[PDB]
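Here is the structure we will look at.
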Amino acid sequence: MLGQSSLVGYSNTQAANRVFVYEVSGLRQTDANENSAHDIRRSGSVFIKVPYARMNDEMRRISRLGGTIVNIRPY
Amino acid sequence: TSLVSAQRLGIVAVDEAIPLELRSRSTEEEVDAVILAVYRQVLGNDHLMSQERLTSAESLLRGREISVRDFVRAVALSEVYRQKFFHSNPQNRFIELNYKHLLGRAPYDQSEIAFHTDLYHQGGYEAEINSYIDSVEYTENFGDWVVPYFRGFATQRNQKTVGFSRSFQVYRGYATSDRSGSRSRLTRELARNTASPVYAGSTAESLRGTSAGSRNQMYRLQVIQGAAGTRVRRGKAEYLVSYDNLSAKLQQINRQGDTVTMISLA
Amino acid sequence: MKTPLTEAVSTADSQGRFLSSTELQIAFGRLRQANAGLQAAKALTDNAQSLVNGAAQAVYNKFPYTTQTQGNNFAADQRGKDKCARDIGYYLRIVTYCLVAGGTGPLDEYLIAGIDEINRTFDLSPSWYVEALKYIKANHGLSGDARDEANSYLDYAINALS
Amino acid sequence: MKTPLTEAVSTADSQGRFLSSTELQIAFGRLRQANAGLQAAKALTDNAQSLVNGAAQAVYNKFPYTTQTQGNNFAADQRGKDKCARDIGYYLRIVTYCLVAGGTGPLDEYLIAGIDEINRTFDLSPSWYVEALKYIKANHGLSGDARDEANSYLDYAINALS
Amino acid sequence: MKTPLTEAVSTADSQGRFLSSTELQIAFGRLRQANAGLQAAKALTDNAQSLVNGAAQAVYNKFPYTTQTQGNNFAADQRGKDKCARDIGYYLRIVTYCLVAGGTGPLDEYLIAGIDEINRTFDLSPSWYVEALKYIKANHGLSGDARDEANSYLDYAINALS
Amino acid sequence: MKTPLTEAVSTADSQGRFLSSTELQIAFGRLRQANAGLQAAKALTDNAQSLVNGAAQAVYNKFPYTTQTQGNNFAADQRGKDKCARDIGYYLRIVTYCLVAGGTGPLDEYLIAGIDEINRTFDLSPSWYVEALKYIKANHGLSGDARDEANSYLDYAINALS
Amino acid sequence: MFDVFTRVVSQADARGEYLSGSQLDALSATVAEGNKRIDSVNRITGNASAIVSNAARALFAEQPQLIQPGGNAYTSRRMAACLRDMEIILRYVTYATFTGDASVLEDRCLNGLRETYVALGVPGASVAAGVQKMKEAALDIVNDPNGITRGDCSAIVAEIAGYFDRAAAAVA
Amino acid sequence: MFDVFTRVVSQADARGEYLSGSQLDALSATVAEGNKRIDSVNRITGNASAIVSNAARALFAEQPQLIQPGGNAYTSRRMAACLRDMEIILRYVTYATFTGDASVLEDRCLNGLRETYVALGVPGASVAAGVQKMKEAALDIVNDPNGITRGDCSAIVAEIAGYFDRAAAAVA
Amino acid sequence: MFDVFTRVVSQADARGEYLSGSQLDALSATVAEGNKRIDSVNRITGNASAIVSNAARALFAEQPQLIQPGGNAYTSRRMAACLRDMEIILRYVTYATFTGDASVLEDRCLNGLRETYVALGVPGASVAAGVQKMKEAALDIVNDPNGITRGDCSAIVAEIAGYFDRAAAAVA
Ligand SMILES: *[C@@H](C)[C@H]1/C(=C/c2[nH]c(/C=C3N=C(/C=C4\NC(=O)C(CC)=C4C)C(C)=C\3CCC(=O)O)c(CCC(=O)O)c2C)NC(=O)[C@@H]1C
Ligand SMILES: *[C@H](C)[C@H]1/C(=C/c2[nH]c(/C=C3N=C(/C=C4\NC(=O)C(CC)=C4C)C(C)=C\3CCC(=O)O)c(CCC(=O)O)c2C)NC(=O)[C@@H]1C
Ligand SMILES: *[C@H](C)[C@H]1/C(=C/c2[nH]c(/C=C3N=C(/C=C4\NC(=O)C(CC)=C4C)C(C)=C\3CCC(=O)O)c(CCC(=O)O)c2C)NC(=O)[C@@H]1C
Ligand SMILES: *[C@H](C)[C@H]1/C(=C/c2[nH]c(/C=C3N=C(/C=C4\NC(=O)C(CC)=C4C)C(C)=C\3CCC(=O)O)c(CCC(=O)O)c2C)NC(=O)[C@@H]1C
Ligand SMILES: *[C@H](C)[C@H]1/C(=C/c2[nH]c(/C=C3N=C(/C=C4\NC(=O)C(CC)=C4C)C(C)=C\3CCC(=O)O)c(CCC(=O)O)c2C)NC(=O)[C@@H]1C
Ligand SMILES: *[C@H](C)[C@H]1/C(=C/c2[nH]c(/C=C3N=C(/C=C4\NC(=O)C(CC)=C4C)C(C)=C\3CCC(=O)O)c(CCC(=O)O)c2C)NC(=O)[C@@H]1C
Ligand SMILES: *[C@H](C)[C@H]1/C(=C/c2[nH]c(/C=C3N=C(/C=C4\NC(=O)C(CC)=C4C)C(C)=C\3CCC(=O)O)c(CCC(=O)O)c2C)NC(=O)[C@@H]1C
Ligand SMILES: *[C@H](C)[C@H]1/C(=C/c2[nH]c(/C=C3N=C(/C=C4\NC(=O)C(CC)=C4C)C(C)=C\3CCC(=O)O)c(CCC(=O)O)c2C)NC(=O)[C@@H]1C
Ligand SMILES: *[C@H](C)[C@H]1/C(=C/c2[nH]c(/C=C3N=C(/C=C4\NC(=O)C(CC)=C4C)C(C)=C\3CCC(=O)O)c(CCC(=O)O)c2C)NC(=O)[C@@H]1C
Ligand SMILES: *[C@H](C)[C@H]1/C(=C/c2[nH]c(/C=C3N=C(/C=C4\NC(=O)C(CC)=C4C)C(C)=C\3CCC(=O)O)c(CCC(=O)O)c2C)NC(=O)[C@@H]1C
Ligand SMILES: *[C@H](C)[C@H]1/C(=C/c2[nH]c(/C=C3N=C(/C=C4\NC(=O)C(CC)=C4C)C(C)=C\3CCC(=O)O)c(CCC(=O)O)c2C)NC(=O)[C@@H]1C
Ligand SMILES: *[C@H](C)[C@H]1/C(=C/c2[nH]c(/C=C3N=C(/C=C4\NC(=O)C(CC)=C4C)C(C)=C\3CCC(=O)O)c(CCC(=O)O)c2C)NC(=O)[C@@H]1C
């Protein structure tokens, strides 16, 4: 489980030096992503590594696209 | 666009470009191509030295530790990106470079300049850069796995028409890069919500005949003029002059207090 | 936290680089400043109670209405005074942390980030804390490098507040 | 450029921040180092011609084939020897620039970036230049902080070439 | 791997398209080339040992210093010679793989990517391997389509090394 | 547009590489196919009017309602019939372009991209054009590689329409 | 992904020796079969819309609960998604036939498909039934003797049948 | 950006010769001036909010038309952008003071600011007046004699004054 | 990230108490070792390529199975990846030596490396052995009394030894 070196921004906030793994399921075609140029490849459990400072953004992104955050684990 | 306008505008390669998606179980050469595409487009087609390569970021991309979007973000936040696009550039030029590199388009509004300026002033370079990559626009166009590509030459949803025209001010050709501190070409255009005529590829050239001088070269002078003589009919003016009359035309424009916006070979 | 040593490492890691002579010079500068910072922190924490009490009293004198009008955000009652003295102690303690660390990192980490929306939420004027920090500046009695570094951190808090 | 002052301002500007005590300590380390760095640069400058000739001869001694086999990439003829002496002079001159600037920034921008493509295209062995740098490091006749800073730049180039 | 069939499918899949006459012509070109490529791989395999020893000996002749200079990267002792023959055997074997696959895919997958880091780290000059590949191209003794395809892979490896 | 030669070059260019044996085999496949494609285009060109008229007549026979229902999208009057013969001629002419080019690139660039919303906005049934293409498939009288390539373009259009 | 040649190349490189004469002769036999491989790919591609549409129609005639309201193929979006899925599976089966290896089919099509359908509630058994119907239509199109140079195409048909069964087994 | 050292280095590299003795002594003289340079940077930084607010207050006092409705500093966002511009100019002046070179101020702040202002209608002359207010406010702060070791800071004061004037000239 | 100062700061802030005299004295002792710490970082950095390359060659001298075909270090890309990893571990050890705290090496390089190496099939024991070889080379170079003001560097060498053991234990 690597990634924290590049995921955590170069800002030296101790709060920001924390990454978390999101497990997302059911990434469906919804009205929110009708004009998505790319196509969904997997609707099962996908793992997204999110730094602390972007956890606000990512979960919103997951929630607009119908994905279900089933688990969140410290990295 | 179609071929007939594409050759004239010099955007044939952009039109025929295919989005590059890192699929699951990709081989080594696919990751190599994806890394190369990200370096080409995020760093604005510079000759990237091997010593400037992000060895750890591309290792995480290779080993499936991070997504293409994360690798794009790592390149955008890297000191290499800072050096060639941020530390020696004005803020407005810097964010149009961000729009070109990260979203593949030109800025649409002066409010987008007002945004990312306050955001820089409050939250630093990192928050300002993360605004583009975490934006709704980045998610529907590129997602987590598609290398960003230039989209300003094609009709997008929730797009202003000026974007297409302004695209030619930020994309100067296939063999061009964003390397030289330079000021934005879109400053006055964005601030006053205007559009500039597109002079790209073969669009800039005009007929010469016998009117051009000794060396058969015409120059187009786009100027902003007011009444300082004869009546001025338009605020914007375009002058086509030969090389032999270029200095004289420039000097009489200067003594009338007219502001020269652009000079191009026609 | 933002400190000379960690910022040097973070920017070297951003470039995938070993620590060159530039980072070594940053560490040398940190070493030059470190003894004064440690001596300033010790001196500040010795009479921290007197400094906090005097700073709280200075705020009360500069802003008498804080001790008079009723309200959750005012120090009219003992609860408000205890909350106020605890806040001044928070400011002074994090300043000593900044002196120890060698940068404004503890202030940014623990105090500065989010202070304005705390002040807006709880209707605390930043001018109160500015007066407290001004008293701490005027009565710490430090000299030389220790005085300059402690005042830089105190002025950083003041500039962030105002 | 990788120099402490530009580094400090780059970090602050990227953060959109004023120069805090962290940046001041960076300047203090730069100031503590600069005179030794400047006189190392002058010591290297005054002995530059002899150092380059001696470094060139050491490379020719360790790799005798470079002075015998014909080829554009070798120093068999006087043209190749001039190219070799010019290259070693380039290494020494940008090293003095590093000492003046207080960091590896001159080496990165002028010499390190893209040197691998150069040595591959014109089939120049980087080991030759490593030997030249080792001679310069062993014969610059510096001491103390001057030696330490100069050796760091020379070893930075050595590590870059290998 | 960079083979014609996989590239055709890759470009078809990137557009989400079925295989059309363009991809069918790619396979037809692959079929035209495959038998010549296959006896070439067979001929190279049948003469692999003599070619590898001859290429190694050619490198030792063109660069005598590698035969008698002490060092881990040189072939002065048997250890370094074995390593050299093993490297040349790697080159020849992957070239046969390229002939079988019909593209530079095996060379890219197994040898080309990361070769310059290896050469820099272990101080091995690519000129040695260029001469070995030159010997292979001059003495493998193929003709026609087999020779042209084999020469293309050997020249591809030579160009990557230089 | 999509041809074996152009796609080979674009794939190589996106990877920043020279054309290797893979692209050479692609060109060889193009050469093997090209003579048959050219004479198939010649045969379709010579018989263009009979093929266009017979296909148009066949569409009218299988869809008689198009010949007596009034409307802009139908061929009840001469103007509708003129548009229909021109449309089928467009299909046949672009198919000859594909045979010349060696790929569906002419079909994609000139006809296929945007064909569906044209049929939707002008209320043109794609089944009409499918029957026209089926007549051309059954009556072109080509053989061998010519028949195979030409039919691949025709039913590529059929698949895009259906 | 691998093709028929790169598969044995990768196996040989991991083992660390040259391709044996038997492997080279086997690949030559593959080259001999290559013309029939290209013809099969072309025949399936030329009837791609017909294969997908006819198989979908058969899959909805029997098993009508898919297209009944509340079924997984009900509504235009889900029905279009179902048709796109059948076309995608057929397209990757042609890819595997073209390459001679199933790696493209496994890695780029079937990887995570079962988990995707379990998470969407797509009845993967019904998808497998539709894939079998596509298989039988594709096989009788490939084995169509008229209008083509007669020959034994049993081996290429078996390879295509194996790819179809592999897709059906992955989704089921 | 360049600092006081890298500026000499870049010129020398372009000329392709070592720094002469005189250039080395000039840089050494800059080094001996370093503590006062750091003190001036620290003093302007420590009073930066006061500098910006007092200069802005004085500027709006003598130019009531900036804050008059319809004026360019009217509305909260424009006024906040105005205060941000003052703070930005002051910050790059401190950066220029710290580096001993004006490149960071020129490249990041002043390059394009004039025509940005002209395009947007921000009165550059009023910006110049505000910068001039920060000028003397910061020069009194840098030259304040109490609580510091005594010495001649006239050269540093002249350099900081030059940065402020360069900014004032660029915006107008 | 933490350095030697911010680590005790974080502990003190969590307890909400000022640093005691003993903690400040320990930090003062750290400052007294600062020159030696900078020397150790400088010496490892100036010999980074030699340490990594010699250790890798020794690591392939014994345990030959890594570089035989089919081995993990076989092929150029995987050899380059192995060499890269040795340099990365060494680089983060120098970061830890520089900061005086092990947070940078653990958070950015060590945490999650064992599972990553297991998923790739990278032998954790062999890469731990390479780290042990890098340990021995770096400690000899740091403990080199030639060309340096001779002194007692036992404390900084023990810290470096601890960082190398931390790297080896986290990767195995
Ligand atoms: C164990 C690490 C070894 C060791 C070290 C040691 N060093 C010093 C003192 C100094 N070392 C430096 C270092 C540098 N000066 C520079 O300009 C640079 C480049 C940026 C470096 C790395 C300095 C400034 C000093 C202080 C002055 C001096 O030269 O003495 C000591 C002395 C005690 C002290 O810590 O100050 C020691 C012990 N000595 C050994 O024997 C080990 C092999
Ligand atoms: C039809 C009446 C005439 C015509 C049209 C035509 N337009 C284009 C191309 C473009 N049209 C636009 C316009 C917009 N894009 C937007 O997002 C918006 C809404 C805000 C507008 C108004 C743009 C930007 C383009 C170029 C990019 C793109 O094509 O997507 C074409 C194609 C030109 C080509 O060569 O491809 C055509 C044909 N042409 C006629 O002859 C009619 C008179
Ligand atoms: C060499 C014969 C001469 C020379 C060359 C030189 N070029 C640049 C910089 C660039 N070169 C290009 C060109 C391309 N990039 C592409 O992607 C394409 C393919 C479509 C082309 C043709 C570009 C865009 C640049 C911009 C910078 C970049 O890094 O990409 C330089 C560098 C200049 C500088 O570093 O400032 C140089 C030196 N210079 C000579 O003196 C020779 C005559
Ligand atoms: C004293 C200067 C004036 C004053 C004080 C006062 N403060 C509060 C409440 C809070 N103070 C804080 C501040 C901090 N908490 C932290 O964690 C830190 C950073 C480490 C700081 C600086 C917070 C968050 C609050 C609200 C939550 C809490 O009560 O702990 C109060 C109470 C206000 C209320 O609504 O309860 C008061 C009275 N008030 C005065 O009149 C003094 C002049
Ligand atoms: C010039 C505008 C004014 C002035 C300055 C001045 N300062 C010094 C000397 C020092 N100043 C410092 C500064 C700091 N020490 C710290 O710890 C920090 C905070 C982190 C700072 C900013 C230092 C280290 C010195 C040297 C030691 C000493 O204090 O003597 C001088 C003396 C000459 C010198 O260059 O050292 C001067 C002249 N003096 C004035 O009168 C001006 C108003
Ligand atoms: C000397 C140690 C050995 C040697 C030298 C040699 N070098 C070249 C050619 C070039 N050297 C460079 C290097 C640089 N140019 C720069 O601008 C810098 C950075 C400041 C460096 C390090 C370059 C670019 C070239 C090629 C272009 C040129 O001709 O200058 C040659 C000639 C190669 C050729 O084919 O002409 C030689 C001979 N040769 C030896 O045998 C020594 C052991
Ligand atoms: C022979 C032409 C010259 C020579 C050879 C030599 N090579 C090494 C060491 C290595 N060679 C490689 C190369 C590869 N490994 C691979 O897996 C592949 C791709 C399939 C290649 C091309 C590598 C990685 C090494 C280092 C690791 C290892 O020991 O295997 C050496 C020994 C170097 C050392 O330090 O011991 C030698 C001697 N030497 C000559 O003098 C010849 C002219
Ligand atoms: C014939 C099979 C049936 C038929 C034909 C018919 N077509 C139109 C109108 C158009 N046809 C096209 C098609 C193309 N234009 C192109 O540029 C190309 C690609 C090169 C194609 C395939 C278009 C765009 C139109 C609309 C514009 C135009 O009129 O040209 C009509 C008239 C529809 C109308 O409203 O004008 C008709 C009648 N009609 C039948 O009944 C046949 C069965
Ligand atoms: C049709 C035979 C059956 C059926 C299908 C059905 N599928 C989906 C949704 C998805 N199918 C996929 C699969 C893929 N997408 C790809 O790009 C590839 C290549 C890797 C494959 C194999 C995916 C990812 C989805 C979800 C996202 C998307 O739709 O793009 C649906 C829609 C489910 C929903 O609720 O939207 C349906 C209906 N359903 C049946 O009843 C048939 C048996
Ligand atoms: C097998 C399932 C069926 C079959 C096939 C078959 N085909 C051939 C031979 C050829 N087929 C082609 C194909 C094409 N030529 C083109 O131009 C195109 C478009 C790009 C295609 C698809 C070619 C070139 C040949 C060779 C020449 C010829 O026309 O014969 C054979 C003969 C053996 C061989 O391997 O070549 C066979 C057996 N025949 C059946 O009966 C099956 C139903
Ligand atoms: C205040 C003293 C005067 C004033 C200011 C004012 N400025 C703007 C707008 C901008 N200012 C800048 C300048 C910068 N932004 C940066 O990030 C940098 C540093 C790298 C600089 C130098 C820019 C780019 C803008 C435009 C974008 C933005 O809106 O932020 C405004 C707003 C103008 C408008 O809203 O149209 C104002 C008000 N105005 C006065 O009247 C004072 C004299
Ligand atoms: C060398 C001593 C041993 C060895 C190494 C080896 N590692 C990989 C692959 C990876 N290593 C990493 C680790 C990191 N990448 C980073 O950026 C950092 C810092 C955050 C670390 C610690 C990763 C992420 C990978 C995967 C990506 C990649 O492959 O580059 C390989 C290659 C494995 C493969 O190609 O499948 C190898 C060979 N192998 C040995 O045998 C030695 C014991």
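In the structure tokens, the first chain shown is A, the next is B, and so on; residue numbers restart at 1 for each chain, and ligands run from 1 in the order shown.
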If we count only C-alpha atoms and set the cut-off at 8 Å, which residues sit around range 6-11 of chain A, ignoring sequence neighbours fewer than 5 positions away in its own chain? Please answer as JSON, numbers by chain.
{"A": [16, 17, 18, 19, 49, 50, 51], "B": [56, 57, 66, 70, 74, 77, 126], "C": [10, 11, 14]}
Output the contact residues of chain I with respect to chain E at a cut-off of 6 Å, based on only C-alpha atoms, as an MDAnalysis selection string.
chainID I and resid 75:77 80
For the residues selected in the previous step, produce a file with N, CA and C atoms as a short mmCIF file (atom, residue, chain, number, x, y, z; two decimals), in the first residue's frame.
data_model
loop_
_atom_site.label_atom_id
_atom_site.label_comp_id
_atom_site.auth_asym_id
_atom_site.auth_seq_id
_atom_site.Cartn_x
_atom_site.Cartn_y
_atom_site.Cartn_z
N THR I 75 15.72 -8.72 -16.55
CA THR I 75 15.29 -7.70 -17.52
C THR I 75 15.73 -6.32 -17.06
N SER I 76 15.90 -5.41 -18.02
CA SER I 76 16.46 -4.11 -17.71
C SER I 76 15.50 -3.27 -16.87
N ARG I 77 14.20 -3.33 -17.17
CA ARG I 77 13.25 -2.51 -16.42
C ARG I 77 13.22 -2.90 -14.95
N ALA I 80 16.47 -1.81 -13.26
CA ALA I 80 16.39 -0.38 -13.03
C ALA I 80 15.45 -0.07 -11.87
#
Give me, as JSON, numbers by chain, all polymer residues having an atom no more than 10 Å from range 208-221 of chain B, counting only C-alpha atoms and skipping those fewer than 6 positions away in the same chain.
{"B": [237, 238, 239, 240, 241, 242, 243, 244, 245, 246, 249, 250, 253, 260, 261, 262, 263, 264, 265, 266]}
Which residues come within 12 Å of residue 144 in chain I, counting only C-alpha atoms, excluding same-chain residues fewer than 3 positions away, as number ranges by chain?
I: 39-40, 43-44, 137-141, 147-154, 157
Kindly save the residues from that selection, with N, CA, C and O atoms included, as a compact mmCIF listing (two decimals), in the first residue's frame.
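Contents of part_36.txt, as written:
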# COMPACT_ATOMS: atom_id res chain seq x y z
N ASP I 39 27.20 16.68 8.93
CA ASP I 39 28.31 15.96 8.33
C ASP I 39 27.90 14.57 7.86
O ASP I 39 28.26 14.15 6.76
N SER I 40 27.14 13.84 8.68
CA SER I 40 26.69 12.50 8.31
C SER I 40 25.79 12.53 7.08
O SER I 40 25.94 11.70 6.18
N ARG I 43 28.00 13.30 4.03
CA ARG I 43 28.86 12.19 3.62
C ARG I 43 28.09 11.08 2.92
O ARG I 43 28.58 10.53 1.93
N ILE I 44 26.89 10.74 3.40
CA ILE I 44 26.08 9.73 2.72
C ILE I 44 25.62 10.23 1.36
O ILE I 44 25.66 9.49 0.37
N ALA I 137 27.90 0.14 4.32
CA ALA I 137 28.66 1.10 3.52
C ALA I 137 28.52 2.51 4.07
O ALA I 137 29.51 3.23 4.21
N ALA I 138 27.29 2.93 4.37
CA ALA I 138 27.03 4.28 4.86
C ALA I 138 27.67 4.53 6.22
O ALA I 138 28.23 5.61 6.46
N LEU I 139 27.63 3.54 7.10
CA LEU I 139 28.21 3.69 8.43
C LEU I 139 29.73 3.77 8.37
O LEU I 139 30.34 4.51 9.14
N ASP I 140 30.36 3.01 7.47
CA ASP I 140 31.81 3.16 7.29
C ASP I 140 32.16 4.54 6.78
O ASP I 140 33.11 5.16 7.26
N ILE I 141 31.38 5.06 5.83
CA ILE I 141 31.68 6.37 5.26
C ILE I 141 31.45 7.47 6.29
O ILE I 141 32.23 8.42 6.38
N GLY I 147 39.95 13.78 6.91
CA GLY I 147 39.38 14.97 6.31
C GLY I 147 38.21 15.61 7.01
O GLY I 147 37.35 16.19 6.34
N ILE I 148 38.16 15.54 8.33
CA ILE I 148 37.07 16.10 9.11
C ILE I 148 37.60 16.36 10.51
O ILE I 148 38.57 15.73 10.95
N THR I 149 37.03 17.37 11.18
CA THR I 149 37.41 17.65 12.56
C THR I 149 36.97 16.42 13.33
O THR I 149 35.78 16.14 13.45
N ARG I 150 37.96 15.66 13.81
CA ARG I 150 37.72 14.39 14.47
C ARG I 150 36.94 14.62 15.76
O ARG I 150 37.19 15.57 16.51
N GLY I 151 35.99 13.74 16.03
CA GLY I 151 35.19 13.85 17.24
C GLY I 151 34.39 12.59 17.48
O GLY I 151 34.54 11.60 16.77
N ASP I 152 33.54 12.63 18.50
CA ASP I 152 32.68 11.50 18.82
C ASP I 152 31.37 11.64 18.06
O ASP I 152 30.54 12.49 18.38
N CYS I 153 31.18 10.78 17.06
CA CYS I 153 29.96 10.70 16.27
C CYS I 153 29.17 9.44 16.57
O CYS I 153 28.40 8.98 15.73
N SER I 154 29.35 8.86 17.76
CA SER I 154 28.70 7.60 18.09
C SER I 154 27.18 7.74 18.13
O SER I 154 26.46 6.83 17.73
N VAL I 157 25.73 8.04 14.51
CA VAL I 157 25.87 6.74 13.86
C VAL I 157 24.83 5.75 14.38
O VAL I 157 24.24 4.99 13.60
Residue set, range 4-45 of chain A restricted to helix (DSSP H, G or I), as a PDB file with N, CA and C atoms, in the first residue's frame:
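Everything below was put into part-v1.pdb:
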ATOM      1  N   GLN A   4       1.468   7.607  -0.318  1.00  0.00           N
ATOM      2  CA  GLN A   4       1.428   8.799   0.539  1.00  0.00           C
ATOM      3  C   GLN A   4       2.480   9.838   0.177  1.00  0.00           C
ATOM      4  N   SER A   5       3.584   9.409  -0.423  1.00  0.00           N
ATOM      5  CA  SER A   5       4.623  10.344  -0.818  1.00  0.00           C
ATOM      6  C   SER A   5       4.117  11.327  -1.869  1.00  0.00           C
ATOM      7  N   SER A   6       3.353  10.843  -2.849  1.00  0.00           N
ATOM      8  CA  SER A   6       2.852  11.689  -3.925  1.00  0.00           C
ATOM      9  C   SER A   6       1.434  12.184  -3.695  1.00  0.00           C
ATOM     10  N   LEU A   7       0.619  11.443  -2.942  1.00  0.00           N
ATOM     11  CA  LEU A   7      -0.754  11.866  -2.703  1.00  0.00           C
ATOM     12  C   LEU A   7      -0.825  13.046  -1.756  1.00  0.00           C
ATOM     13  N   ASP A  31     -27.769  10.535 -14.053  1.00  0.00           N
ATOM     14  CA  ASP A  31     -27.968  11.821 -14.712  1.00  0.00           C
ATOM     15  C   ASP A  31     -26.818  12.778 -14.431  1.00  0.00           C
ATOM     16  N   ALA A  32     -26.011  12.500 -13.406  1.00  0.00           N
ATOM     17  CA  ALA A  32     -24.891  13.366 -13.070  1.00  0.00           C
ATOM     18  C   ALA A  32     -23.725  13.206 -14.032  1.00  0.00           C
ATOM     19  N   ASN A  33     -23.575  12.043 -14.659  1.00  0.00           N
ATOM     20  CA  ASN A  33     -22.456  11.797 -15.557  1.00  0.00           C
ATOM     21  C   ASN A  33     -22.931  11.432 -16.963  1.00  0.00           C
TER      22      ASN A  33
END
Test item: residues at most 9 Å from residue 137 in chain F, only C-alpha atoms, excluding those fewer than 5 positions along its chain, as a ChimeraX atom specification:
/F:132,147,150-151,154-155
Emit the selected residues as a tab-separated table (two decimals), in the first residue's frame, including N, CA, C and O atoms.
chain	number	residue	atom	x	y	z
F	132	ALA	N	-30.14	-0.35	-49.82
F	132	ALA	CA	-29.32	0.10	-50.94
F	132	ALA	C	-27.93	-0.52	-50.90
F	132	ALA	O	-27.43	-0.99	-51.93
F	147	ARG	N	-13.75	-8.41	-53.73
F	147	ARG	CA	-15.07	-8.63	-53.14
F	147	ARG	C	-15.02	-8.51	-51.62
F	147	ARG	O	-15.90	-7.89	-51.01
F	150	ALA	N	-14.36	-4.73	-50.52
F	150	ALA	CA	-15.52	-3.92	-50.84
F	150	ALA	C	-16.71	-4.27	-49.97
F	150	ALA	O	-17.42	-3.37	-49.51
F	151	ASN	N	-16.95	-5.56	-49.75
F	151	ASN	CA	-18.04	-5.96	-48.88
F	151	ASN	C	-17.81	-5.55	-47.44
F	151	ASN	O	-18.76	-5.17	-46.76
F	154	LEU	N	-18.94	-2.03	-47.24
F	154	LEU	CA	-20.39	-1.92	-47.37
F	154	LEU	C	-21.10	-2.35	-46.10
F	154	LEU	O	-22.05	-1.69	-45.66
F	155	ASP	N	-20.70	-3.46	-45.51
F	155	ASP	CA	-21.38	-3.88	-44.30
F	155	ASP	C	-20.86	-3.17	-43.06
F	155	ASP	O	-21.50	-3.24	-42.01
Using only C-alpha atoms, which protein or nucleic acid residues come within 8 Å of range 120-134 of chain H? Drop anything in the same chain fewer than 3 positions from it, and give the result as a PyMOL selection string.
(chain B and resi 188+191-192) or (chain H and resi 51-52+55-56+58-59+63+72+86+89-90+114+116-117+137-138+164-165+167-169+171-172)
Check every residue of chain H for an atom within 10 Å of chain B, counting only C-alpha atoms, and provide those that qualify as a PyMOL selection string.
chain H and resi 1-2+77+80-81+84-85+87-88+103-113+115-121
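Counting only C-alpha atoms and comparing G:17, G:25, G:159, G:3, the residue that lies closest to chain I is G:17.
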List every residue of chain B that has an atom at most 6 Å from any atom of chain D, and for each one report the closest atom pair and its distance in Å to one decimal, counting only C-alpha atoms, with rows sorted by chain and then by increasing residue number, as a Markdown table.
| residue | atom | partner | partner_atom | distance |
| --- | --- | --- | --- | --- |
| B:49 | CA | D:114 | CA | 5.4 |
| B:51 | CA | D:113 | CA | 6.0 |
| B:121 | CA | D:16 | CA | 5.8 |
| B:124 | CA | D:15 | CA | 4.3 |
| B:125 | CA | D:14 | CA | 5.0 |
